[PDB]
2 protein chains.
Amino acid sequence: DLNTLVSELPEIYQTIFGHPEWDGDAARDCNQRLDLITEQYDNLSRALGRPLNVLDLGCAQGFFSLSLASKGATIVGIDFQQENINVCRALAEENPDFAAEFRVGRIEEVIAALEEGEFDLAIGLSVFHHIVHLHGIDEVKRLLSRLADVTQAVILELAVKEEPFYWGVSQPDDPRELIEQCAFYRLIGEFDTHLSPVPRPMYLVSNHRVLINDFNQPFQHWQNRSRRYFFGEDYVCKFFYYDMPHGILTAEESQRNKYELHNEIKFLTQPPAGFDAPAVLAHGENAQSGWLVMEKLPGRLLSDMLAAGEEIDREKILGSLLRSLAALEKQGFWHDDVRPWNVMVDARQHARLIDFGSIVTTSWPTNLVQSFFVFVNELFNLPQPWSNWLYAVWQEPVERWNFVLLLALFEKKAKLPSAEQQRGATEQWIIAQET
Amino acid sequence: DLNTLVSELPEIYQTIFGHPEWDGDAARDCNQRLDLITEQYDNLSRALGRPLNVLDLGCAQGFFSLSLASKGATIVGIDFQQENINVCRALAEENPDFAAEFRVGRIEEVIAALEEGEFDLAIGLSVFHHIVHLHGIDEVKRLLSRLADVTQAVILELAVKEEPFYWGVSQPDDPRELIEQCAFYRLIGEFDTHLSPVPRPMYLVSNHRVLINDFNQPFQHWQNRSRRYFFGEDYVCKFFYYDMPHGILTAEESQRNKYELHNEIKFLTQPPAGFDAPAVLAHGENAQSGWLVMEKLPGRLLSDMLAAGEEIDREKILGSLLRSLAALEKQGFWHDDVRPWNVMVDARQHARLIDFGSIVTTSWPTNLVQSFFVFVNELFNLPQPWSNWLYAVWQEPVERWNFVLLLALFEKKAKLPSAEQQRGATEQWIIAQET
Ligand SMILES: C[S@@+](CC[C@H](N)C(=O)[O-])C[C@H]1O[C@@H](n2cnc3c(N)ncnc32)[C@H](O)[C@@H]1O
Ligand SMILES: C[S@@+](CC[C@H](N)C(=O)[O-])C[C@H]1O[C@@H](n2cnc3c(N)ncnc32)[C@H](O)[C@@H]1O
Ligand SMILES: O=c1cc(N2CCOCC2)oc2c(-c3ccccc3)cccc12
Ligand SMILES: O=c1cc(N2CCOCC2)oc2c(-c3ccccc3)cccc12
Ligand SMILES: [Cl-]
Ligand SMILES: [Cl-]
């Protein structure tokens, strides 16, 4: 009988599915977490085009398991207390069409035994802090990595050290230390536990997909540490953290990240005429982070080609870059931050800027022209006619320095007088000194 | 200069690729391991239809890395000694067309950072016992799982506790404890280390593919513990361990496994006329283990349907089973071991045997007829006309008991006299008592 199985629960942690006579007794009503979890279930189910297999770790009285089985999910619920599992099976028996199984088992053993592809979605709500408390942080991170490795998505609600209880003392400094080794993660909500005023963050995590409410796609590789890049078949997703764990970002740096991304979004959604910019496939910002999905460009980053000493055509790289810098300038745009790590080189040795967070609209623009000289020097130090080019620019009154001029003198550099035949000289040492 | 970089190696562990003037100095010549590794490289490359990305953990002086890059592999070699990496890069520079990178790093960090799909093949030869010695066995198993999770194949040479040195004392009882949580593994050789007379086993391991020299295919799930089953799109691979770790198998049990598989192979490659048997796609046996790849049958195992109390038609299950048992018997074959875990039931409620290791060719066959009664009882205890069927058989002189008779009385059971109208009686209690 259910009355008996319920009374024997050491704790009525969750709502008893379909049995509201216990809602007043449940530690946690579960409706807020459920609303968020069903939404993420729908997203991933829509993306995969089918009902999902769901794993529920530390599933307690089965509420999220049954509730998802109710929407047509196939669920396995795991808990290490026999009493919790007894209630789960009795509830599944009241719902014989739900495809729902429950097992007494330890989460550590189950994760060691999972096979990639068995489950699309795993949920682990308020369970891992127990494992943290007994096995430590490193083991939990490896468990969580493997859980992300073998599913499409993981949803975690994580207890935090700010909670007032003795076990809080064993928690990482920040719940993100448990998951930051995973590829993709995004805070999706914050929940009241009824134990204290400190809420628990809920995270959506994946080692296989970009899971953004608007764009749900596998990626095949990813790279960095408060910016992440996910590479899919024809996209790059640029993911910025504003809110970072630990001392990582200063107020200042969070705000630059935010500003740079907002700015990249604004530039790319309304590019200037005369400039070829990557198409924007999706974008969004929230308190913790912001993201931008773009069409993916071919080639390698210039910094890589220089580090991994691969062969480069500096004429073609400089000319193509300068041509775009001049086109930009004609429309009243400039790039603050022209560096080898911001430039991509395609197979035909043509270059383009890739980080548009540093695009600005307002002795301008002499400072930028100046650092471009440095850029040129790092790119190589200067042989003729490159040195002749720089020397001609140095002879210009300063109010004439701009990118149209830089480009025009670059295109005629073979006809310009020989710098080493003049005094000359100076400008050599100035640029060399910044570098 | 290479002479210098070599002299600074704390140890010339491997042959210096392309530099035989040091072969006399190398701790290990590497040619035996290399021959085996190139063969496995070729197999997997042939199966994937392309050159492989290879990860070499604790790559020392780069010998296996360079040797594979030489066959067109893209390789990354990792070692935590700067001196080893210095030599690796100098050797790669003598071979500028090899696609080869080397990094100073710790194996633990690198594996935490791997992404599924980056590397097809990882090799870890004589390196993990160092990590065992510092971090313990559980951490090493999780590292090895993740390494299998993110590649197609892993090749490991593992030090063993029988080696005479002090660190042997920290090793697992059996090197297989490091990998047995991985899905697929197969001993492919045994190597002399020149430290002692104890050789080191080399294992081929995968969490994604069945890697058998003749059959190299992804599988999508697997199941058990000295027999493993891998399920691919249209195959089941049945993998038997003869040689198990620890006390697991007795001499007796290894020999039964061997005999049962050999026997399954012999039956299936020459089935009797009149019996529909699964087609054999590949097979092989060696000292440690044996394997059989078969076409995959649809349905569920009868034991599962009974445990997970799913609905069954006992008429159709019994008749179809009996019909095959009678056909078998007509050709002079019997099955020793007719149990619910050896029977599969398709969607039309038709049943077939699946474990043919218990097929025999020689008061026969009364004992088998007897246990079939038990089978029938477990399947259900007997209502009429099932009980009437058994009662008729019990009335037969014993020399007449066989499967043709069992089938013939089963088909007429609705016409047979009512058992409960006779004495009757006995046979009820006999069968009930074995069960
Ligand atoms: C705080 S409750 C959370 C229950 C449920 N996940 C929820 O949030 O609604 C933690 C649950 O995990 C179970 N549990 C704790 N550690 C476990 C482990 N190592 N393996 C399996 N279950 C565990 C407990 O039995 C308890 O039901
Ligand atoms: C015994 S040697 C084996 C070398 C090579 N794998 C072979 O079998 O030919 C072990 C190698 O692993 C390196 N090594 C040991 N522990 C390591 C770790 N934790 N991370 C990276 N390299 C390590 C050592 O520098 C040494 O080169
Ligand atoms: O469109 C892009 C294509 C790439 N390439 C595509 C092939 O993989 C190498 C990187 O990278 C981009 C990056 C980037 C970020 C980190 C490292 C390298 C590149 C930033 C913004 C846009 C792109
Ligand atoms: O052809 C076969 C199909 C199956 N089925 C196919 C679908 O997955 C469930 C098992 O299983 C087989 C097994 C088996 C082994 C362990 C568990 C269950 C079945 C043994 C021998 C042959 C088959
Ligand atoms: Cl938690
Ligand atoms: Cl080892």
Side-chain angles (χ1 to χ4, degrees), chain A residues 256 260 263-264 267 271-272 274-277 297 299-307 312-346 349-417 419-420 422 424-435:
Chain A
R256 259 170 303 186
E260 283 167 16
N263 225 240
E264 202 157 67
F267 181 78
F275 179 93
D276 178 48
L297 305 168
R300 308 102 158 91
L301 209 58
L302 182 49
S303 35
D304 291 336
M305 296 181 150
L306 291 166
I312 59 171
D313 183 329
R314 301 203 276 274
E315 178 67 19
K316 282 161 185 284
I317 294 176
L318 284 174
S320 62
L321 214 50
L322 277 170
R323 287 185 309 266
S324 82
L325 292 168
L328 280 169
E329 168 176 284
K330 279 185 206 255
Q331 308 310 301
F333 294 95
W334 294 273
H335 191 283
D336 250 343
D337 190 33
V338 177
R339 303 285 158 64
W341 52 93
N342 284 329
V343 166
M344 280 212 34
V345 183
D346 77 16
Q349 283 308 297
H350 290 190
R352 46 203 301 186
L353 300 161
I354 49 137
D355 179 14
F356 295 107
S358 201
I359 282 255
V360 310
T361 294
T362 328
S363 213
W364 201 249
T366 67
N367 292 327
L368 270 32
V369 167
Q370 184 70 47
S371 60
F372 197 81
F373 294 137
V374 174
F375 175 83
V376 164
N377 252 290
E378 61 186 345
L379 195 70
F380 292 75
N381 274 358
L382 300 186
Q384 292 200 69
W386 281 281
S387 57
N388 299 346
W389 164 46
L390 153 71
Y391 177 90
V393 174
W394 265 78
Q395 296 319 294
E396 294 285 353
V398 152
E399 77 191 332
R400 271 176 57 107
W401 293 26
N402 61 46
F403 283 93
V404 165
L405 176 108
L406 217 62
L407 169 67
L409 300 167
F410 170 89
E411 281 165 358
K412 305 282 166 159
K413 60 190 187 293
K415 320 233 278 255
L416 300 172
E420 66 166 31
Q422 337 287 327
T426 300
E427 106 277 324
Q428 275 303 321
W429 303 135
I430 314 304
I431 287 129
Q433 258 155 318
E434 325 200 355
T435 308

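Residue numbering restarts at 1 for every chain, and letters A, B, ... go by the order of the sequence lines.
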If you count heavy atoms of other groups shown closer than 6.0 angstrom to [atom1] of [X], is the number above 12?
X        : atom1 : answer
A/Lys413 : NZ    : yes
A/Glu434 : CD    : yes
A/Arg314 : CZ    : yes

Closer than 3.5 angstrom, by distance alone: can the side chain of [X] be matched with the main-chain N or O of [Y] as a donor-acceptor pair?
X        : Y        : answer
A/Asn377 : A/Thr435 : no
A/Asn388 : A/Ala419 : yes
A/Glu329 : A/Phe403 : yes
A/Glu427 : A/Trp394 : no
A/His335 : A/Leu368 : no

| task | Considering only NZ, NE, NH1 and NH2 on the basic side and carboxylate oxygens on the acidic side, decide whether A/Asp276 and A/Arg352 come within less than 4.0 Å. | result |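 Yes, this pair counts.
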| query | Using the benzene-type ring in the case of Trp, are the ring centres of A/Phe333 and A/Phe267 under 6.0 Å apart? | reply | yes
Is the closest side-chain heavy-atom distance between [X] and [Y] below 4.5 Å?
X        : Y        : value
A/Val345 : A/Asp313 : no
A/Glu411 : A/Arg323 : yes
A/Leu405 : A/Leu409 : yes

| query | Which of these, A/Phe380, A/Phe410, A/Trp401, sits in a ring-ring contact (aromatic ring centres under 6.0 Å, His included) with A/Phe373? | reply |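 Single ring-ring contact (aromatic ring centres under 6.0 Å, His included) partner of A/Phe373 among A/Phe380, A/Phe410, A/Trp401: A/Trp401.
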| message | Please give me the minimum heavy-atom distance between A/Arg339 and A/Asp337, naming the atom from each residue. | response |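 Nearest pair, atom of A/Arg339 first, then A/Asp337: NH1-OD1, 2.9 Å.
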| field | Working for side-chain contact (heavy atoms from CB on, under 4.5 Å), residues A/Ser387 and A/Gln428 | value | CA-CA 8 Å; A/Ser387 57; A/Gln428 275 303 321; 4.1 Å; yes
| Interatomic spacing from CZ in A/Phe372 to CG in A/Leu379 - rounded to 0.5 Å | 8.5 Å
| request: List in chain and number order the residues that pass ring pair (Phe, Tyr, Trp, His ring centres under 6.0 Å) with A/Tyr391, two or more places apart in sequence or in another chain; answer none if no residue qualifies. | output: none
